[PDB]
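For reference, start06.cif (mmCIF, C-alpha atoms and all ligand atoms):
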data_my_file
#
loop_
_atom_site.label_atom_id
_atom_site.label_comp_id
_atom_site.auth_asym_id
_atom_site.auth_seq_id
_atom_site.Cartn_x
_atom_site.Cartn_y
_atom_site.Cartn_z
CA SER A 6 -11.14 26.26 -33.36
CA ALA A 7 -7.89 25.41 -31.51
CA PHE A 8 -6.12 28.50 -32.91
CA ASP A 9 -9.15 30.73 -32.23
CA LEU A 10 -9.57 29.43 -28.69
CA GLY A 11 -10.04 32.02 -26.01
CA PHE A 12 -7.29 32.02 -23.39
CA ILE A 13 -8.07 29.44 -20.66
CA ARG A 14 -8.71 30.61 -17.08
CA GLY A 15 -9.75 27.33 -15.59
CA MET A 16 -10.18 25.19 -12.51
CA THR A 17 -10.39 21.42 -12.03
CA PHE A 18 -13.38 20.25 -10.00
CA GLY A 19 -14.41 17.18 -8.12
CA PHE A 20 -11.50 14.73 -8.28
CA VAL A 21 -11.54 11.75 -7.72
CA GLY A 22 -15.22 11.72 -8.65
CA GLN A 23 -16.27 8.97 -6.21
CA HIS A 24 -19.74 7.58 -6.84
CA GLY A 25 -22.52 9.78 -5.49
CA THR A 26 -20.43 12.77 -4.49
CA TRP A 27 -21.30 15.05 -7.44
CA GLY A 28 -25.06 14.51 -7.02
CA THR A 29 -24.91 16.24 -3.63
CA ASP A 30 -26.02 19.65 -2.31
CA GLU A 31 -22.40 20.11 -1.26
CA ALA A 32 -21.09 19.63 -4.82
CA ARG A 33 -23.64 22.13 -6.14
CA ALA A 34 -22.59 24.66 -3.52
CA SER A 35 -18.90 24.11 -4.36
CA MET A 36 -19.44 24.59 -8.10
CA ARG A 37 -21.34 27.84 -7.40
CA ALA A 38 -18.41 29.02 -5.26
CA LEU A 39 -16.02 28.14 -8.08
CA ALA A 40 -18.09 30.23 -10.51
CA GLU A 41 -17.86 33.31 -8.21
CA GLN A 42 -14.23 33.44 -9.35
CA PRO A 43 -13.00 34.76 -12.74
CA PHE A 44 -12.82 31.36 -14.44
CA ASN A 45 -14.07 30.73 -17.96
CA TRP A 46 -13.46 26.93 -17.82
CA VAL A 47 -14.06 24.05 -15.43
CA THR A 48 -12.64 20.52 -15.82
CA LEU A 49 -14.73 17.68 -14.43
CA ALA A 50 -12.07 15.15 -13.45
CA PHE A 51 -12.58 11.63 -12.06
CA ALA A 52 -10.70 8.36 -11.85
CA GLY A 53 -11.54 4.77 -12.70
CA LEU A 54 -9.63 2.18 -10.69
CA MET A 55 -7.02 -0.47 -11.38
CA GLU A 56 -6.31 -2.91 -8.52
CA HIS A 57 -2.60 -2.88 -9.27
CA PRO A 58 -0.32 -1.13 -11.76
CA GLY A 59 0.05 -4.48 -13.66
CA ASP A 60 -3.68 -5.24 -13.98
CA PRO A 61 -5.29 -4.75 -17.43
CA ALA A 62 -8.84 -4.32 -16.03
CA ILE A 63 -10.19 -0.88 -15.25
CA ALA A 64 -13.31 -0.39 -13.11
CA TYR A 65 -15.36 2.70 -13.91
CA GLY A 66 -18.94 3.78 -13.50
CA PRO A 67 -20.82 2.96 -10.32
CA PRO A 68 -20.03 1.79 -7.70
CA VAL A 69 -16.52 3.30 -8.21
CA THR A 70 -17.06 6.57 -10.05
CA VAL A 71 -19.78 9.14 -10.37
CA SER A 72 -22.60 7.95 -12.64
CA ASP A 73 -23.06 9.35 -16.16
CA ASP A 74 -26.11 11.28 -14.87
CA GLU A 75 -23.99 12.83 -12.06
CA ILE A 76 -21.50 13.96 -14.71
CA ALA A 77 -24.39 15.39 -16.71
CA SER A 78 -25.84 17.21 -13.66
CA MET A 79 -22.50 18.93 -12.96
CA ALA A 80 -21.89 19.76 -16.65
CA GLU A 81 -25.41 21.29 -16.91
CA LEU A 82 -24.84 23.38 -13.80
CA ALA A 83 -21.41 24.53 -14.96
CA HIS A 84 -22.73 25.50 -18.42
CA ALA A 85 -25.66 27.41 -16.88
CA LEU A 86 -23.12 29.31 -14.67
CA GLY A 87 -21.38 30.40 -17.93
CA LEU A 88 -18.45 27.96 -17.85
CA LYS A 89 -17.00 25.91 -20.66
CA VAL A 90 -16.42 22.31 -19.54
CA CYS A 91 -13.63 19.82 -20.18
CA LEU A 92 -14.31 16.18 -19.31
CA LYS A 93 -11.27 14.34 -17.92
CA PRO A 94 -11.60 10.61 -17.18
CA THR A 95 -8.38 9.09 -15.90
CA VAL A 96 -7.28 6.02 -13.93
CA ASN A 97 -5.80 5.42 -10.48
CA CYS A 98 -4.44 2.31 -8.79
CA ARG A 99 -6.03 1.13 -5.56
CA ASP A 100 -2.59 0.51 -4.00
CA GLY A 101 -1.64 4.16 -4.58
CA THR A 102 0.85 3.59 -7.43
CA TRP A 103 0.96 6.56 -9.80
CA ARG A 104 -0.67 5.95 -13.19
CA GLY A 105 2.53 7.14 -14.87
CA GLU A 106 4.16 3.89 -13.71
CA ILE A 107 1.68 1.27 -15.01
CA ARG A 108 3.59 -1.64 -16.57
CA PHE A 109 2.99 -4.94 -18.35
CA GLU A 110 5.46 -7.67 -19.31
CA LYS A 111 3.65 -8.48 -22.58
CA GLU A 112 2.85 -6.18 -25.51
CA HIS A 113 0.13 -8.35 -27.02
CA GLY A 114 -2.59 -10.82 -25.99
CA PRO A 115 -6.21 -9.70 -25.37
CA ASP A 116 -6.65 -12.24 -22.53
CA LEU A 117 -3.16 -11.85 -21.04
CA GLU A 118 -1.65 -9.19 -18.72
CA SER A 119 -0.57 -7.14 -21.74
CA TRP A 120 -0.47 -3.61 -23.04
CA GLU A 121 -3.01 -4.69 -25.68
CA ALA A 122 -5.40 -5.85 -22.94
CA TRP A 123 -4.95 -2.72 -20.89
CA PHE A 124 -5.49 -0.45 -23.91
CA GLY A 125 -8.61 -2.46 -24.78
CA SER A 126 -10.03 -1.56 -21.37
CA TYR A 127 -8.79 2.03 -21.56
CA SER A 128 -10.10 2.57 -25.08
CA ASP A 129 -13.57 1.28 -24.02
CA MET A 130 -13.50 3.72 -21.07
CA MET A 131 -12.48 6.66 -23.28
CA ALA A 132 -15.13 5.81 -25.87
CA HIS A 133 -17.71 5.60 -23.07
CA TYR A 134 -16.82 9.04 -21.68
CA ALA A 135 -16.28 10.67 -25.10
CA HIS A 136 -19.90 9.79 -25.75
CA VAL A 137 -20.88 11.32 -22.37
CA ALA A 138 -18.91 14.43 -23.35
CA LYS A 139 -20.93 14.65 -26.55
CA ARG A 140 -24.25 14.07 -24.66
CA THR A 141 -23.46 16.83 -22.15
CA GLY A 142 -22.03 19.35 -24.66
CA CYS A 143 -18.56 19.44 -23.10
CA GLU A 144 -16.36 21.77 -25.12
CA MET A 145 -13.22 19.70 -24.52
CA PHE A 146 -12.28 16.09 -23.78
CA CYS A 147 -8.96 14.98 -22.26
CA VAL A 148 -7.93 11.52 -23.52
CA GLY A 149 -5.26 10.87 -20.93
CA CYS A 150 -3.27 12.22 -18.02
CA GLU A 151 0.40 11.70 -17.06
CA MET A 152 0.66 8.24 -18.69
CA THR A 153 4.44 8.32 -18.99
CA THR A 154 4.99 4.51 -19.26
CA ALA A 155 2.10 4.18 -21.79
CA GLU A 156 3.26 7.03 -24.05
CA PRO A 157 5.82 4.93 -26.04
CA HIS A 158 2.91 2.68 -27.22
CA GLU A 159 2.21 5.13 -29.96
CA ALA A 160 0.03 2.96 -32.22
CA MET A 161 -2.22 2.09 -29.30
CA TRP A 162 -2.61 5.79 -28.32
CA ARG A 163 -3.47 6.63 -31.93
CA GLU A 164 -6.13 3.85 -31.99
CA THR A 165 -7.58 5.22 -28.74
CA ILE A 166 -7.71 8.79 -30.01
CA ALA A 167 -9.27 7.76 -33.32
CA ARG A 168 -12.01 6.00 -31.39
CA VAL A 169 -12.68 9.10 -29.31
CA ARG A 170 -13.03 11.11 -32.57
CA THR A 171 -15.80 8.71 -33.77
CA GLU A 172 -17.77 9.48 -30.59
CA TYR A 173 -16.92 13.15 -29.95
CA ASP A 174 -16.62 16.26 -32.23
CA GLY A 175 -15.19 18.78 -29.69
CA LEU A 176 -11.63 19.80 -28.79
CA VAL A 177 -9.40 16.90 -27.77
CA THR A 178 -6.23 17.14 -25.70
CA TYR A 179 -3.80 14.74 -24.07
CA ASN A 180 -2.29 15.87 -20.73
CA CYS A 181 1.37 14.73 -20.39
CA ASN A 182 3.46 15.03 -17.23
CA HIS A 183 5.82 17.97 -16.77
CA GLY A 184 9.03 17.12 -18.59
CA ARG A 185 7.28 15.02 -21.26
CA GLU A 186 6.12 17.83 -23.57
CA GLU A 187 9.22 17.33 -25.76
CA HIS A 188 8.87 13.52 -25.65
CA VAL A 189 5.29 12.66 -26.67
CA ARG A 190 5.15 11.36 -30.29
CA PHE A 191 1.43 11.84 -31.04
CA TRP A 192 0.74 15.57 -30.59
CA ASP A 193 -0.41 15.68 -34.25
CA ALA A 194 -3.40 13.47 -33.23
CA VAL A 195 -4.87 15.99 -30.71
CA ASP A 196 -6.04 19.61 -31.11
CA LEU A 197 -4.18 21.11 -28.11
CA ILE A 198 -0.95 20.13 -26.37
CA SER A 199 -1.31 20.09 -22.59
CA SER A 200 0.72 19.25 -19.52
CA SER A 201 0.69 18.82 -15.76
CA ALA A 202 2.96 21.77 -15.33
CA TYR A 203 4.15 21.29 -11.73
CA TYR A 204 7.45 23.06 -12.29
CA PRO A 205 9.24 24.12 -9.11
CA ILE A 206 9.20 27.87 -8.26
CA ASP A 207 12.79 28.33 -9.43
CA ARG A 208 12.38 26.49 -12.79
CA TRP A 209 9.63 28.49 -14.46
CA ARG A 210 12.17 31.06 -15.63
CA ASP A 211 14.15 28.51 -17.63
CA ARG A 212 11.42 26.00 -18.68
CA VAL A 213 9.59 28.48 -20.93
CA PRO A 214 11.95 28.10 -23.92
CA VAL A 215 11.23 24.36 -24.26
CA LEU A 216 7.46 24.95 -23.97
CA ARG A 217 7.69 27.61 -26.68
CA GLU A 218 9.80 25.32 -28.90
CA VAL A 219 7.33 22.39 -28.54
CA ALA A 220 4.25 24.46 -29.35
CA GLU A 221 5.87 26.31 -32.28
CA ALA A 222 7.41 23.09 -33.68
CA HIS A 223 4.05 21.28 -33.70
CA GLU A 224 2.09 24.35 -34.88
CA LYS A 225 -0.41 23.72 -32.06
CA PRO A 226 -1.37 25.72 -28.98
CA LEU A 227 -0.06 24.54 -25.62
CA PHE A 228 -1.80 24.96 -22.26
CA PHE A 229 -1.54 23.51 -18.78
CA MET A 230 -4.25 20.89 -18.05
CA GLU A 231 -3.05 20.78 -14.40
CA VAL A 232 -1.07 23.41 -12.47
CA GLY A 233 -1.06 24.17 -8.74
CA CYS A 234 0.73 23.86 -5.45
CA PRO A 235 -0.27 22.73 -1.99
CA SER A 236 -0.28 25.37 0.73
CA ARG A 237 2.43 23.55 2.72
CA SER A 238 5.97 24.49 3.71
CA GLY A 239 8.51 23.55 0.99
CA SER A 240 5.89 22.44 -1.55
CA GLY A 241 7.16 25.05 -4.02
CA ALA A 242 10.19 22.80 -4.60
CA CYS A 243 7.95 19.80 -5.45
CA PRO A 244 4.50 21.12 -6.34
CA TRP A 245 3.57 17.76 -8.00
CA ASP A 246 3.86 15.90 -4.68
CA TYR A 247 0.48 15.68 -2.93
CA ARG A 248 2.10 13.61 -0.13
CA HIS A 249 4.85 16.14 0.68
CA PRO A 250 4.86 16.79 4.43
CA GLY A 251 4.92 20.33 5.71
CA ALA A 252 3.22 22.76 8.02
CA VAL A 253 0.42 24.72 6.43
CA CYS A 254 2.02 27.66 4.59
CA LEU A 255 -0.32 29.87 2.56
CA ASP A 256 2.44 32.14 1.21
CA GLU A 257 4.28 29.22 -0.39
CA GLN A 258 1.27 28.46 -2.55
CA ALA A 259 0.99 32.15 -3.44
CA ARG A 260 4.72 32.31 -4.29
CA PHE A 261 4.22 29.39 -6.78
CA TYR A 262 1.51 31.35 -8.62
CA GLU A 263 3.54 34.56 -8.59
CA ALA A 264 6.55 32.72 -10.07
CA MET A 265 4.45 31.05 -12.78
CA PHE A 266 2.63 34.22 -13.79
CA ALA A 267 5.90 36.17 -13.85
CA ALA A 268 7.55 33.69 -16.22
CA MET A 269 4.79 32.82 -18.70
CA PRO A 270 5.05 34.99 -21.78
CA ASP A 271 2.31 36.87 -23.53
CA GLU A 272 2.67 34.95 -26.81
CA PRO A 273 -0.08 33.39 -28.93
CA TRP A 274 1.05 29.76 -28.67
CA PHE A 275 0.28 29.69 -24.93
CA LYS A 276 -3.41 29.18 -24.21
CA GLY A 277 -3.50 29.28 -20.41
CA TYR A 278 -4.18 27.49 -17.20
CA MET A 279 -6.43 24.75 -15.84
CA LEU A 280 -5.72 24.96 -12.13
CA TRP A 281 -5.46 22.02 -9.71
CA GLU A 282 -7.85 21.78 -7.87
CA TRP A 283 -11.27 22.45 -6.32
CA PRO A 284 -12.98 19.88 -4.08
CA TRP A 285 -16.63 18.75 -4.37
CA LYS A 286 -16.91 19.40 -0.63
CA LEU A 287 -15.56 22.92 -0.07
CA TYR A 288 -14.24 24.05 3.35
CA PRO A 289 -15.53 27.46 4.59
CA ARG A 290 -13.15 30.47 4.22
CA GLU A 291 -12.93 30.62 8.06
CA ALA A 292 -11.02 27.28 7.88
CA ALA A 293 -8.72 28.16 4.97
CA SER A 294 -5.67 29.07 7.12
CA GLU A 295 -5.60 25.47 8.42
CA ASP A 296 -5.98 23.81 4.99
CA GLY A 297 -2.83 22.40 3.36
CA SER A 298 -4.48 21.25 0.09
CA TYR A 299 -4.09 22.45 -3.50
CA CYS A 300 -7.28 24.51 -3.17
CA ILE A 301 -6.72 28.29 -3.32
CA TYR A 302 -10.16 29.25 -1.90
CA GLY A 303 -9.85 31.59 1.13
CA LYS A 304 -6.06 31.82 0.74
CA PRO A 305 -3.77 34.57 -0.62
CA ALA A 306 -3.42 32.57 -3.88
CA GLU A 307 -7.15 33.20 -4.51
CA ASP A 308 -6.35 36.92 -4.83
CA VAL A 309 -3.15 36.35 -6.83
CA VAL A 310 -5.07 34.24 -9.37
CA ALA A 311 -8.18 36.45 -9.40
CA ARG A 312 -6.04 39.55 -10.00
CA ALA A 313 -4.21 37.75 -12.85
CA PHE A 314 -7.33 36.23 -14.42
CA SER A 315 -9.46 39.38 -14.16
CA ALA A 316 -6.70 41.33 -15.94
CA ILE A 317 -6.65 38.73 -18.74
CA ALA A 318 -10.43 38.81 -19.00
CA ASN A 319 -10.45 42.65 -19.17
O1 LIG A 401 3.31 15.58 -11.90
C1 LIG A 401 2.24 15.07 -11.11
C2 LIG A 401 2.56 13.65 -10.66
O2 LIG A 401 3.87 13.64 -10.10
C3 LIG A 401 4.29 12.34 -9.69
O3 LIG A 401 5.63 12.36 -9.22
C4 LIG A 401 6.63 12.26 -10.21
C5 LIG A 401 6.95 13.66 -10.75
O4 LIG A 401 5.88 14.16 -11.51
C6 LIG A 401 8.23 13.59 -11.58
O5 LIG A 401 8.09 12.71 -12.71
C7 LIG A 401 9.31 13.09 -10.65
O6 LIG A 401 10.01 14.09 -9.92
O7 LIG A 401 9.08 11.75 -10.25
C8 LIG A 401 7.84 11.55 -9.56
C9 LIG A 401 7.58 10.05 -9.44
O8 LIG A 401 7.96 9.65 -8.16
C10 LIG A 401 3.39 11.80 -8.57
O9 LIG A 401 3.53 12.57 -7.37
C11 LIG A 401 1.94 11.81 -9.03
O10 LIG A 401 1.03 11.49 -7.98
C12 LIG A 401 1.56 13.16 -9.63
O11 LIG A 401 0.30 12.99 -10.29
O1 LIG A 402 -0.23 15.77 -7.04
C1 LIG A 402 -1.25 16.60 -7.58
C2 LIG A 402 -1.94 15.97 -8.78
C3 LIG A 402 -0.94 15.74 -9.89
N1 LIG A 402 -1.53 15.09 -11.04
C4 LIG A 402 -2.45 13.97 -10.90
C5 LIG A 402 -3.30 14.00 -9.61
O2 LIG A 402 -3.61 12.65 -9.23
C6 LIG A 402 -2.61 14.66 -8.42
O3 LIG A 402 -3.55 14.95 -7.39
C7 LIG A 402 -3.95 14.36 -6.18
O4 LIG A 402 -4.57 13.16 -6.68
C8 LIG A 402 -4.81 12.19 -5.65
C9 LIG A 402 -5.55 10.98 -6.25
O5 LIG A 402 -4.92 10.51 -7.46
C10 LIG A 402 -5.61 12.82 -4.50
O6 LIG A 402 -5.68 11.89 -3.41
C11 LIG A 402 -4.99 14.11 -4.00
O7 LIG A 402 -5.73 14.68 -2.92
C12 LIG A 402 -4.85 15.07 -5.18
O8 LIG A 402 -6.11 15.39 -5.80
#
Go ahead and express the file in the form of structure tokens.
Amino acid sequence: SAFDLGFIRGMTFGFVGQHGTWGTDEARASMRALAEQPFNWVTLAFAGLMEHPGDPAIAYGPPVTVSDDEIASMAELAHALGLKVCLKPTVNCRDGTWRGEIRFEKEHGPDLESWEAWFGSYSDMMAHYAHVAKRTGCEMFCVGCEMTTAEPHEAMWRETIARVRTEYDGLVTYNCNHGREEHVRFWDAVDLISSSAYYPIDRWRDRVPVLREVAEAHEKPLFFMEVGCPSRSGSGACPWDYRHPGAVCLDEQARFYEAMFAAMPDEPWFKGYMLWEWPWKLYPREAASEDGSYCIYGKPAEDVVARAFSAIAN
């Protein structure tokens, strides 16, 4: 199933999945526009909310996130447009702190500000959405994203994953941050290794050997659950950084994709690309030259990716 998996030509849709936004005419129009492109996968991504990086409570569902029925509506539409769907619940902090820096002073204590408490909340969230993934026939489920500070809590990640397996029979991945592929201890517990592969333009050429080594060592396919670059000046040096300032620069985004596609080998361990990202409210192509986001629609990167993905498809 993991070994046999068709090469992934994917796009992430709809983040952060704010309540009500996917049930709109706009979101429907955006998903249709996505499906005009040579993608075989879409990821429905959304974030629950922590107040602070040291708070064990996670808010998800309405009024924060899209409802379960909004998720189902988008999954149904995607499937009817011929796409396979990955469901990706994650968590953000209201103060803007990256989820890769969540931290607790205590390991244990269900009613304390502890790792145990936080994983209790997170595990309930994952079980909730693994069940939604089953309901909606999602072909993949992503159990976490860029949780660098949480990753050493290996027993707790294994408990979380096991719970997902009781609720969901499809492909399961965990999405680590770039630079963590060779660090995560629990790849044996998922079906596919995946990362947020925001490697700078000039590093693709020399990062490939470690990606190859990780995949081959774990006898599991590896793919990128996030990859992209904003269309802003200099962003190619820090494609992970959504806050990087810069004038709109369409070619810089294209150069990122050209560098990535040049470097990635045609070898069976590598299973492809889930691009970051596509908004639920899509700008018209006439406005694309003034857009500095990760979206490739209406920009030269659209053609770079479509040329690459059409060639893979054919
Ligand atoms: O990779 C996407 C996330 O990147 C974060 O920034 C990290 C970066 O990834 C590297 O670990 C590093 O150069 O240090 C940074 C932390 O300051 C954040 O920009 C997140 O919002 C991204 O999701
Ligand atoms: O920096 C690009 C990605 C890297 N991985 C996680 C993801 O959060 C990040 O994207 C941005 O996410 C924030 C909300 O977390 C959003 O405001 C931005 O506009 C990007 O989608």
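Listed by chain and then residue number, the contacts of ligand LIG 402 (chain A) are residues 20, 21, 52, 97, 101, 103, 150, 151, 182, 201, 203, 231, 233, 234, 244, 245, 246, 247, 248, 281, 282, 298 and 299 of chain A (distance at most 8 Å, using all atoms listed in the file).
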Which of A:105, A:297, A:214, A:59 sits closest to ligand LIG 401 (chain A) [using all atoms listed in the file]: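 For ligand LIG 401 (chain A), the nearest of the candidates is A:105.
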Within 8 Å of residue 205 (chain A) using all atoms listed in the file, minus same-chain residues under 2 positions, as JSON, numbers by chain: {"A": [203, 207, 208, 209, 241, 242, 243, 244, 261]}
Option closest in space to residue 146 (chain A), from A:69, A:47, A:213, A:189 [counting all atoms listed in the file]: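 Result for the nearest residue to residue 146 (chain A): A:47.
As for CA of residue 11 (chain A) and CA of residue 204 (chain A), they are spaced 24.0 Å apart.
Going from CA of residue 27 (chain A) to CA of residue 286 (chain A) covers 9.2 Å.
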Spatial neighbours of residue 48 (chain A), max dist 6 Å, all atoms listed in the file, sep filter under 6 positions, as a ChimeraX atom specification: /A:17-18,90-92
Test item: which residues lie within 12 Å of (-18.1, 31.1, -7.4) counting all atoms listed in the file, as a ChimeraX atom specification: /A:16,33-45,47,83,86-88,283,287,302-303,307,311
Pick from A:235, A:171, A:198, A:285 nearest to residue 32 (chain A), counting only C-alpha atoms: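 Closest residue, counting only C-alpha atoms: A:285.
Take CA of residue 221 (chain A) and CA of residue 184 (chain A): the distance between them is 16.8 Å.
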Distance criterion (all atoms listed in the file): nearest to ligand LIG 401 (chain A) out of A:158, A:79, A:180, A:85: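 The shortest atom-to-atom distance to ligand LIG 401 (chain A) comes from A:180.
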Give me, as a compact mmCIF listing (two decimals) with C-alpha atoms, in the coordinates of the input, all polymer residues having an atom no more than 12 Å from residue 109 (chain A), counting all atoms listed in the file and skipping those fewer than 4 positions away in the same chain.
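Dumped everything to part-v5.txt:
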# COMPACT_ATOMS: atom_id res chain seq x y z
CA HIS A 57 -2.60 -2.88 -9.27
CA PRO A 58 -0.32 -1.13 -11.76
CA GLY A 59 0.05 -4.48 -13.66
CA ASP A 60 -3.68 -5.24 -13.98
CA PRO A 61 -5.29 -4.75 -17.43
CA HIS A 113 0.13 -8.35 -27.02
CA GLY A 114 -2.59 -10.82 -25.99
CA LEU A 117 -3.16 -11.85 -21.04
CA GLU A 118 -1.65 -9.19 -18.72
CA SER A 119 -0.57 -7.14 -21.74
CA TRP A 120 -0.47 -3.61 -23.04
CA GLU A 121 -3.01 -4.69 -25.68
CA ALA A 122 -5.40 -5.85 -22.94
CA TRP A 123 -4.95 -2.72 -20.89
CA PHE A 124 -5.49 -0.45 -23.91
CA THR A 154 4.99 4.51 -19.26
CA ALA A 155 2.10 4.18 -21.79
CA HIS A 158 2.91 2.68 -27.22
So that all listed atoms of ligand LIG 401 (chain A) fit with 3 Å spare on each side, what axis-aligned box centre and edge lengths in Å, to one decimal, would you give as AutoDock Vina command-line options?
--center_x 5.2 --center_y 12.6 --center_z -10.0 --size_x 15.7 --size_y 11.9 --size_z 11.3
Protein, DNA and RNA residues within 7 Å of (-7.1, 8.7, -28.7), only C-alpha atoms, as a PyMOL selection string: chain A and resi 148+162-169
Pick from A:84, A:99, A:170, A:212, whichever lies nearest to residue 49 (chain A) using all atoms listed in the file: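 Among the listed residues, the smallest separation from residue 49 (chain A) belongs to A:84.
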Nearest to ligand LIG 401 (chain A) by atom-to-atom distance, counting all atoms listed in the file, from A:127, A:12, A:278, A:229: A:229
Neighbouring residues of residue 276 (chain A) were defined as those with any atom within 6 Å, considering all atoms listed in the file; residues of the same chain fewer than 3 positions away were excluded. Please report them as a PDB file with C-alpha atoms, keeping the file's coordinate frame.
ATOM      1  CA  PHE A  12      -7.290  32.020 -23.390  1.00  0.00           C
ATOM      2  CA  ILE A  13      -8.070  29.440 -20.660  1.00  0.00           C
ATOM      3  CA  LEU A 227      -0.060  24.540 -25.620  1.00  0.00           C
ATOM      4  CA  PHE A 228      -1.800  24.960 -22.260  1.00  0.00           C
TER       5      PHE A 228
END
As a PDB file, in the coordinates of the input, please: region 254-273 of chain A completed to N, CA and C atoms.
ATOM      1  N   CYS A 254       1.336  26.419   4.960  1.00  0.00           N
ATOM      2  CA  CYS A 254       2.020  27.660   4.590  1.00  0.00           C
ATOM      3  C   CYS A 254       1.358  28.253   3.344  1.00  0.00           C
ATOM      4  N   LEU A 255       0.464  29.199   3.601  1.00  0.00           N
ATOM      5  CA  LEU A 255      -0.320  29.870   2.560  1.00  0.00           C
ATOM      6  C   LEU A 255       0.530  30.666   1.577  1.00  0.00           C
ATOM      7  N   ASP A 256       1.594  31.303   2.070  1.00  0.00           N
ATOM      8  CA  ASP A 256       2.440  32.140   1.210  1.00  0.00           C
ATOM      9  C   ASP A 256       3.205  31.331   0.175  1.00  0.00           C
ATOM     10  N   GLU A 257       3.533  30.087   0.510  1.00  0.00           N
ATOM     11  CA  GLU A 257       4.280  29.220  -0.390  1.00  0.00           C
ATOM     12  C   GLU A 257       3.463  28.931  -1.648  1.00  0.00           C
ATOM     13  N   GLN A 258       2.184  28.636  -1.446  1.00  0.00           N
ATOM     14  CA  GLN A 258       1.270  28.460  -2.550  1.00  0.00           C
ATOM     15  C   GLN A 258       1.185  29.735  -3.382  1.00  0.00           C
ATOM     16  N   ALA A 259       1.037  30.879  -2.717  1.00  0.00           N
ATOM     17  CA  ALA A 259       0.990  32.150  -3.440  1.00  0.00           C
ATOM     18  C   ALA A 259       2.275  32.403  -4.240  1.00  0.00           C
ATOM     19  N   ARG A 260       3.422  32.136  -3.621  1.00  0.00           N
ATOM     20  CA  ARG A 260       4.720  32.310  -4.290  1.00  0.00           C
ATOM     21  C   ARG A 260       4.812  31.450  -5.577  1.00  0.00           C
ATOM     22  N   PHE A 261       4.251  30.237  -5.559  1.00  0.00           N
ATOM     23  CA  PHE A 261       4.220  29.390  -6.780  1.00  0.00           C
ATOM     24  C   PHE A 261       3.495  30.140  -7.895  1.00  0.00           C
ATOM     25  N   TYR A 262       2.296  30.641  -7.605  1.00  0.00           N
ATOM     26  CA  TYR A 262       1.510  31.350  -8.620  1.00  0.00           C
ATOM     27  C   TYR A 262       2.188  32.621  -9.104  1.00  0.00           C
ATOM     28  N   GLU A 263       2.812  33.343  -8.199  1.00  0.00           N
ATOM     29  CA  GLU A 263       3.540  34.560  -8.590  1.00  0.00           C
ATOM     30  C   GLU A 263       4.709  34.236  -9.526  1.00  0.00           C
ATOM     31  N   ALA A 264       5.444  33.167  -9.211  1.00  0.00           N
ATOM     32  CA  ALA A 264       6.550  32.720 -10.070  1.00  0.00           C
ATOM     33  C   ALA A 264       6.098  32.293 -11.468  1.00  0.00           C
ATOM     34  N   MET A 265       5.010  31.527 -11.503  1.00  0.00           N
ATOM     35  CA  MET A 265       4.450  31.050 -12.780  1.00  0.00           C
ATOM     36  C   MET A 265       3.969  32.216 -13.636  1.00  0.00           C
ATOM     37  N   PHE A 266       3.183  33.104 -13.036  1.00  0.00           N
ATOM     38  CA  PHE A 266       2.630  34.220 -13.790  1.00  0.00           C
ATOM     39  C   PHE A 266       3.720  35.204 -14.236  1.00  0.00           C
ATOM     40  N   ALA A 267       4.789  35.319 -13.457  1.00  0.00           N
ATOM     41  CA  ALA A 267       5.900  36.170 -13.850  1.00  0.00           C
ATOM     42  C   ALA A 267       6.577  35.643 -15.107  1.00  0.00           C
ATOM     43  N   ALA A 268       6.754  34.326 -15.173  1.00  0.00           N
ATOM     44  CA  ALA A 268       7.550  33.690 -16.220  1.00  0.00           C
ATOM     45  C   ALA A 268       6.783  33.515 -17.527  1.00  0.00           C
ATOM     46  N   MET A 269       5.494  33.177 -17.460  1.00  0.00           N
ATOM     47  CA  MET A 269       4.790  32.820 -18.700  1.00  0.00           C
ATOM     48  C   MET A 269       4.645  34.014 -19.619  1.00  0.00           C
ATOM     49  N   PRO A 270       5.109  33.860 -20.871  1.00  0.00           N
ATOM     50  CA  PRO A 270       5.050  34.990 -21.780  1.00  0.00           C
ATOM     51  C   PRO A 270       3.679  35.245 -22.363  1.00  0.00           C
ATOM     52  N   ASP A 271       3.494  36.473 -22.798  1.00  0.00           N
ATOM     53  CA  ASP A 271       2.310  36.870 -23.530  1.00  0.00           C
ATOM     54  C   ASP A 271       2.544  36.635 -25.024  1.00  0.00           C
ATOM     55  N   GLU A 272       2.418  35.372 -25.436  1.00  0.00           N
ATOM     56  CA  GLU A 272       2.670  34.950 -26.810  1.00  0.00           C
ATOM     57  C   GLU A 272       1.531  34.037 -27.233  1.00  0.00           C
ATOM     58  N   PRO A 273       1.179  34.048 -28.521  1.00  0.00           N
ATOM     59  CA  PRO A 273      -0.080  33.390 -28.930  1.00  0.00           C
ATOM     60  C   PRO A 273      -0.146  31.865 -28.833  1.00  0.00           C
TER      61      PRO A 273
END
